Amino acid sequence: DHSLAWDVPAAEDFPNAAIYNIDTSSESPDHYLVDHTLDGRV
Amino acid sequence: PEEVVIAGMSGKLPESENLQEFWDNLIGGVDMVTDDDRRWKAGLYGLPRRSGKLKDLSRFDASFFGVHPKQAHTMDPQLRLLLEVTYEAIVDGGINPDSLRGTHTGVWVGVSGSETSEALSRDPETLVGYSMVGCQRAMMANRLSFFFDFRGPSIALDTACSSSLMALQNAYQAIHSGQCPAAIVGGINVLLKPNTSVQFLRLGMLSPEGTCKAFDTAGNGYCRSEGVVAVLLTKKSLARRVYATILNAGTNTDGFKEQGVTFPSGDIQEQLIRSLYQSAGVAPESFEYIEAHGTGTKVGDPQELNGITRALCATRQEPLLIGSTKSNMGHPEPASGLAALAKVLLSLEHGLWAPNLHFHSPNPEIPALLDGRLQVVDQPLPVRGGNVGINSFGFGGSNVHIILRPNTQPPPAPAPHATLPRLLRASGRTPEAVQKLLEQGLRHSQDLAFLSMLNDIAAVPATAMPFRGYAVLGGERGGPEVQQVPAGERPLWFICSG
Amino acid sequence: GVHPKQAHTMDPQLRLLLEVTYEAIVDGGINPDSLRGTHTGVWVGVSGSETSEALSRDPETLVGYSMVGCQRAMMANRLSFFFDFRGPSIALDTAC
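Chains as they are written, first to last, in this note's numbering: chain P, 2 to 43; chain S, 50 to 547; chain A, 3 to 98.
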């Protein structure tokens with residue numbers, strides 16, 4: 002008995018704002034930001 | 050050890066709703082790879098315009114298999130079609146499914162995709178828990194065991210495109226050692242996410258023309274296709290219908306290769322073939338037909354064919370027929386083995402070998418084809434008789450090989466009771482199924498075995514199948530009757546006349 | 003012997019499993035070379051292919067190496083290929 006219709010995923014169901022992390026640790030590439038100190042704060 | 054026999058068979062392949070339609074397409078030379086854009090827009094992301102696609106993925110008799118509307122809507126199409134195909138396969142051999150309930154039957158399923166789980170679980174805010182139960186890859190066999198009440202192992206294997214034959218080999222191992230009185234082997238592959246096709250295109254496997262031209266000089270790549278196939282295995286004492294007997298099934302991995310992970314090594318395949326047919330005690334001459342992998346690649350085909358030539362054609366004086374089911378329906382990755390097995394079994398049953406398409410010239414790198422040692426089936430041929438070999442190789446590096454002995458049981462000689470009228474009873478979800486069974490039984494009134502097997506599968510409680518109908522055969526006043534059986538048990542009273 | 007581009011597109015499960023398998027073989031006092039060419043088999047039980055779903059989300063920029071390094075079957079075939087194991091190499095899927 003195949004009278005009904007059941008959901009089947011479509012082509013649009015699958016993949017097809019910007020977040021920037023500022024890490025001042027030694028290994029991180031943004032380390033130079035620790036040299037921008039004003040009033041004794043970074 | 051105990052004999053293992055392939056009893057049932059069923060599946061839904063490209064442009065083929067059942068096995069009869071699949072065979073009608075195979076013999077007639079119909080091309081089951083289509084250019085229509087059903088799954089996704091044709092030519093998307095540069096993908097080939099062709100692919101072997103099933104006719105419909107949105108039909109499921111939920112009431113029968115105990116799935117509520119919400120659960121059915123959140124179940125993988127693979128699982129729904131696989132439940133239906135499994136019930137079809139178990140009854141194909143004449144075994145009533147309720148006769149295996151509570152036994153030690155096992156379910157081995159070969160699958161390599163779970164796209165539905167990825168699609169349903171994308172939104173964390175509005176997802177449903179029971180989506181996992183119907184989409185988790187482990188549930189592609191656990192659900193079958195749950196419905197059919199099988200106490201044996203329930204596993205799902207990937208095996209990297211050789212999964213169907215891997216599951217078949219594991220089921221053969223289980224039945225051979227007496228652990229499982231039966232086994233349900235199935236393979237399912239459905240194309241839903243174009244990203245996977247893009248990945249395969251990037252790897253350099255798909256063909257720009259979308260054709261799996263195997264054994265040919267213009268082999269570029271294969272055409273991804275869908276497919277659901279389930280096969281029932283049983284010890285010979287249980288099987289009513291025997292399609293064939295598995296003489297030996299094995300496996301082995303190519304191991305390290307200088308070329309890389311995705312380069313086949315024909316020596317390993319030759320070793321597998323030789324070891325299998327030496328352990329099984331079957332001389333190379335007995336082989337009549339070889340179901341090569343036939344992916345249509347530029348490197349895999351020569352290696353596979355040279356390995357086959359060294360393993361089998363070393364001494365035989367008669368040419369060994371070769372062929373691939375992928376020239377007709379493309380290449381279903383997980384279910385490649387089951388499609389080949391279905392083709393071989395149907396060809397044996399109908400007495401002819403299904404021709405292979407897209408074969409015009411032989412690849413110069415294979416000397417066997419240029420010579421007469423190996424002969425490709427470019428047009429229908431009768432079956433002389435002999436063992437049949439099926440081998441499936443995955444791009445990961447896995448290998449599988451099965452040696453099948455065809456079932457050759459001549460029709461019985463006429464008997465005095467043959468002319469006697471017989472009774473046929475049928476049961477179906479709707480009157481259409483009962484009428485179909487009755488009509489088919491009418492068209493074969495003289496086949497006692499067919500009628501008996503149909504009768505064995507007609508004893509289902511009215512709750513599951515609320516329609517019924519009989520048809521007396523061999524009588525002048527012969528006409529089918531159907532009606533809807535009411536629910537509720539009814540006492541059976543007797544009366545003796547005076 | 004995994005090139006850097008292939009390494010990045012490789013499932014972390016496989017990356018750790020290679021090392022853990024080598025540590026387990028040597029843990030038993032066996033040299034992983036004496037098993038090379040044998041019919042040793044590999045059985046891996048996995049239930050998640052999250053890495054593949056992440057690497058195949060942008061068809062414009064996705065690379066095809068992720069198929070080899072992130073497929074569920076490759077969680078055993080990679081081990082069989084590196085250690086040169088000729089035995090069965092499957093990837094079971096039953097959960098728990």
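Where a beta carbon is used, it is the ideal one built from N, C-alpha and C, also for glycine.
Closer than 9 angstroms between beta carbons: that is the criterion. Which residues of the stretch 8-37 of chain P meet it against chain A? 15, 16 and 17
Short Cβ contact (8 angstroms threshold) for residue 248(S) with residue 76(A): no
Residue 59(A): contacting residues in chain P (beta-carbon distance under 7 angstroms): 16
* Beta-carbon separation (whole angstroms), residue 59(A) vs residue 16(P), contact threshold 8 angstroms -> 4 angstroms
Exercise. Roughly how far, in whole angstroms, is the beta-carbon of residue 289(S) from the beta-carbon of residue 58(S), given that I think they are within contact range, below 8 angstroms?
Worked result: That pair is no contact at about 13 angstroms.
Within chain S, partners of residue 64(A) - CB distance below 8 angstroms: 244, 247, 248 and 251
**Report entry** Identified DSSP bridge partners for residue 474(S)
**Finding:** 519(S)
Is it buried or exposed, residue 340(S), if we count other Cβ atoms within 10 angstroms and call 16 or more buried?
buried
Review point. Within 8 angstroms (strictly less), CB to CB, does residue 207(S) reach chain A?
Key: yes
- Quick one, are the C-beta atoms of residue 113(S) and residue 513(S) less than 8 angstroms apart? yes
| message | Contact defined as beta carbons within less than 8 angstroms: I believe residue 82(S) pairs with residue 246(S). What is the distance between those atoms, to the nearest angstrom? | response | Their Cβ separation, rounded to whole angstroms, is 14 angstroms, which puts residue 82(S) and residue 246(S) out of contact at 8 angstroms.
- request: Within its chain, find whatever has a CB closer than 8 angstroms to the CB of residue 40(A); leave out the 5 residues flanking it on each side and keep chain order.
  value: 87, 88 and 89
Compute the distance between the beta-carbons of residue 231(S) and residue 283(S), then report whether it is under 8 angstroms.
yes
| said: Measuring CB atoms only, is the stretch 262-269 of chain S touching the stretch 406-426 of chain S, in the sense that at least three cross pairs come out at less than 8 angstroms? | reply: yes
query: With contact counted as at least three CB pairs below 8 angstroms, one residue from each stretch, are the stretch 294-305 of chain S and the stretch 384-404 of chain S in contact?
result: no
Hey, does residue 165(S) have any beta-carbon neighbour from chain P nearer than 8 angstroms? yes
Chain-order list of residues whose beta-carbon lies under 6 angstroms from that of residue 206(S) (same chain, five-residue window excluded): 159, 212, 215 and 216
request  = Kindly indicate if chain S contains any beta-carbon less than 8 angstroms away from that of residue 2(P).
outcome  = yes
Between the CA atoms of residue 311(S) and residue 138(S) - distance to the nearest angstrom = 34 angstroms
Alpha carbon to alpha carbon, what distance is there between residue 280(S) and residue 233(S)? 6 angstroms
Practice problem: Go ahead and label residue 460(S) buried or exposed: buried means 16 or more other beta carbons lie within 10 angstroms of its beta carbon, across all protein chains shown. | Solution: exposed
Legend entry - residue 351(S) - DSSP class collapsed to helix/strand/coil: helix
- Message: Considering just the uninterrupted stretch of the beta strand (DSSP E) at residue 301(S), what are its terminal residues?
- Response: 293-302
Got a sec, what are the start and stop residues for the alpha helix (DSSP H) residue 220(S) sits in?
212-225
Q: Look at residue 444(S) and residue 342(S) and say whether their C-beta atoms are less than 8 angstroms apart.
A: no
Checklist entry - Which chain S residues are close to residue 41(A), counting only those with a beta carbon under 8 angstroms from its beta carbon? => result 301
Original post:
Anyone know if the C-beta pair for residue 480(S) and residue 521(S) falls short of 8 angstroms?
Top reply: no
Q. By the 10 Å Cβ neighbour count, where 16 or more other Cβ atoms means buried, how is residue 33(P) classified, buried or exposed?
A. exposed
Would you say residue 305(S) lies against chain P (beta-carbon separation less than 8 angstroms)? no
Would you say residue 135(S) faces chain B, with C-beta separation under 8 angstroms as the test? The structure shown contains no chain B; the protein chains it does contain are P, S and A.
Quick check on the DSSP output: the beta strand (DSSP E) that includes residue 77(S) runs from which residue to which?
Looking at the DSSP string, residue 77(S) is not in any beta strand (DSSP E), and its letter there is neither H nor E.
| field | Through-space distance from residue 42(P) to residue 24(P), alpha-carbon basis | value | 16 angstroms
From the DSSP output, read off the bridge partner residues of residue 89(S). None, per the DSSP bridge assignment.
List the residues of chain P that residue 109(S) touches, going by C-beta distances under 7 angstroms, in chain order.
-> 7
Exercise. Verify whether the separation of the beta carbon atoms of residue 1(A) and residue 97(A) is less than 8 angstroms.
Key: In the structure as shown, chain A begins at 3 and stops at 98. Residue 1(A) is therefore absent and cannot be evaluated.
- Query: Listing by chain order, which chain S residues have their CB less than 8 angstroms from the CB of residue 15(A)?
  - Reply: Here the premise fails: no neighbours, minimum Cβ distance about 14 angstroms.
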